[PDB]
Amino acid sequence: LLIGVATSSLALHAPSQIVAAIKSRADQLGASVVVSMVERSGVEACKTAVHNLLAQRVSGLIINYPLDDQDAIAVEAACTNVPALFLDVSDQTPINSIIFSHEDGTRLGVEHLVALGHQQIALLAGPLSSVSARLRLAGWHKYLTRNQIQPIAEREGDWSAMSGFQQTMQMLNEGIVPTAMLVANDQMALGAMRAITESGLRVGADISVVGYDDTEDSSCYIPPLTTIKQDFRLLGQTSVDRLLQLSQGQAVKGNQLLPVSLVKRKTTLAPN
């Protein structure tokens, strides 16, 4: 009845909303949620958070922190038995996990932009130290290749909007001007949109932009941001439910893939 979540700093809208979603389901099932945080980067930082939550004697562990195939294995190893369900790893890692289909999330954005008749496309990835950011960047390239298009430029941010702003501006300053951009997340997407605007360019009419996540605020950006929806509410529920089941040895012991979807708003249009 008492679950333990080891997450990344709530500084980011995504992890936050997820913990909120987890709390929400836990409430519905009459359970408690003890949240522990990771000092950011480092598998070590993660391993330790396990200890904190293990100490508290939680009857389950939900790990919402990025981990590489090897580190994930390790963290579980040190997660000495107690059910361990990861939420930010690769679908290939041999452990109990639940993640959104990066494969579809990326095909959707590439195809939306393509069908709209776009060809000059730029990519703004998340920090590549993040397995999430990676699966996402490689995904874009995969579908852009299938559609026979090479991005006219690609960059790396850090999930922040400021990074999205600096990257997009550096780009425009270099003279690289796409008709559309694919961004690793809505916050950065927000930053991108500001640089575009402050470049006398209209977001959408001149440079279409496609975010990722569909965090709360995104529907009120200017203009409203088109993005790939990642229903954390759903993730919250599912990750909760499966954990309770895992503890009762009556659950699937592999990897789950949650669906995703395109939310068309006011930032995507045909090229000029």
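In this text, residue numbers run from 1 along the sequence as written.
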| item | value |
| --- | --- |
| 114-122 or 72-80, whichever carries the higher mean Cα B-factor | 72-80 |
| Higher-scoring stretch by recorded Cα B factor average, 88-96 or 145-153 | 88-96 |
| Options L246, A205, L235, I228 - largest CA temperature factor per the record | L246 |
| Modelled-residue ranking by C-alpha temperature factor, third containing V43 | highest |
| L10 - which third its CA temperature factor falls in, relative to the rest of the chain | highest |
| Third of the chain, ranked by Cα B-factor, where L257 sits | lowest |
| B-factor third for the C-alpha atom of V263 within its chain | lowest |
| Third assignment of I63 from its chain's C-alpha B-factors | middle |
